[PDB]
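Structure record follows, encoded as structure tokens.
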Amino acid sequence: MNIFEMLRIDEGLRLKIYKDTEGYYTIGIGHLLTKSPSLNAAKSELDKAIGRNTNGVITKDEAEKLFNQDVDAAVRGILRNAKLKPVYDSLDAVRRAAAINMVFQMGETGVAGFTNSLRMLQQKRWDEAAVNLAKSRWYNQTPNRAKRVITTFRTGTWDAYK
Ligand SMILES: [Cl-]
Ligand SMILES: [Cl-]
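In the working numbering, the protein residues as written are 1146 to 1307.
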């Protein structure tokens, strides 16, 4: 198991524009297109992202390409962030995948606001961090996915994904 297979399980794959859990125009493997209500603003962003007139539909390869870019960008955002970097560096390889997952889903600002959990993770207080992470809108909105990520932080194994 690795970050790619992990996110592929959490996000699914959709080849036609769809609305995410928050109601936003998304495509592929969790690629947010726009927070605007306009399907046209979404279609525009889509064509811009792919480099072609897509009419709202992409191929698997195109999906995977967006996905490759997004994971990369997620990692780089963590590495560039003064609050996230130290925590991330402190983690083992499995837990690092959990961190990437959160950033991919909620953005760097979002995660960055989990100050207390971040401190707990850095100190390696696993059960404590797990409890604190659950006290969040994130957990309340996407409980099954949150639980999976949280279990990964708690255990340091891929059990939630097996
Ligand atoms: Cl893009
Ligand atoms: Cl969920």
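Idealized CB from N, CA, C, for every residue including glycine.
Boundaries of the alpha helix (DSSP H) in which residue i is found, first to last residue
i	result
residue 1210	1205-1225
residue 1300	1288-1300
residue 1199	No alpha helix (DSSP H) contains residue 1199, which DSSP labels as neither H nor E.
residue 1262	1260-1267
residue 1271	1271-1279
residue 1151	1148-1156
residue 1305	Segment: none, residue 1305 is in no alpha helix (DSSP H) and carries neither H nor E.
Top-ranked residue by Cα proximity to residue i, from the options
i	options	result
residue 1275	1257, 1243, 1190	1243
residue 1294	1240, 1195, 1173, 1269	1240
residue 1252	1292, 1307, 1221	1221
residue 1163	1203, 1196, 1282, 1150	1203
residue 1200	1283, 1226, 1181, 1185	1185
residue 1182	1175, 1165, 1198	1165
residue 1287	1192, 1189, 1156	1156
residue 1301	1236, 1263, 1254	1236
residue 1257	1285, 1273, 1225	1225
residue 1150	1279, 1289, 1213, 1263	1213
residue 1208	1271, 1281, 1158	1158
residue 1227	1299, 1303, 1263, 1198	1263
CB contact flag (residue i, residue j, <8 Å)
i	j	result
residue 1223	residue 1148	no
residue 1219	residue 1259	no
residue 1232	residue 1267	yes
residue 1211	residue 1176	yes
residue 1285	residue 1261	no
residue 1109	residue 1160	As displayed, the chain neither begins before 1146 nor continues past 1307, which places residue 1109 out of reach and without an answer.
Residue i, enclosing beta strand (DSSP E) - first and last residue
i	result
residue 1195	First-last for residue 1195: 1184-1195, but that is the alpha helix (DSSP H), not the beta strand (DSSP E).
residue 1173	1170-1173
residue 1161	1159-1164
residue 1229	Taken as a continuous stretch (DSSP letters only), residue 1229 belongs to no beta strand (DSSP E), as it is neither H nor E.
Cross-strand partners of residue i (DSSP beta bridge)
i	result
residue 1179	1170
| Near ligand 2, which residues have their beta-carbon closer than 5 Å to a heavy atom? | 1287, 1289, 1290
| request: Anything with a beta carbon under 7 Å from a heavy atom of ligand 1 counts; list them all in chain order. | output: 1194, 1211, 1214
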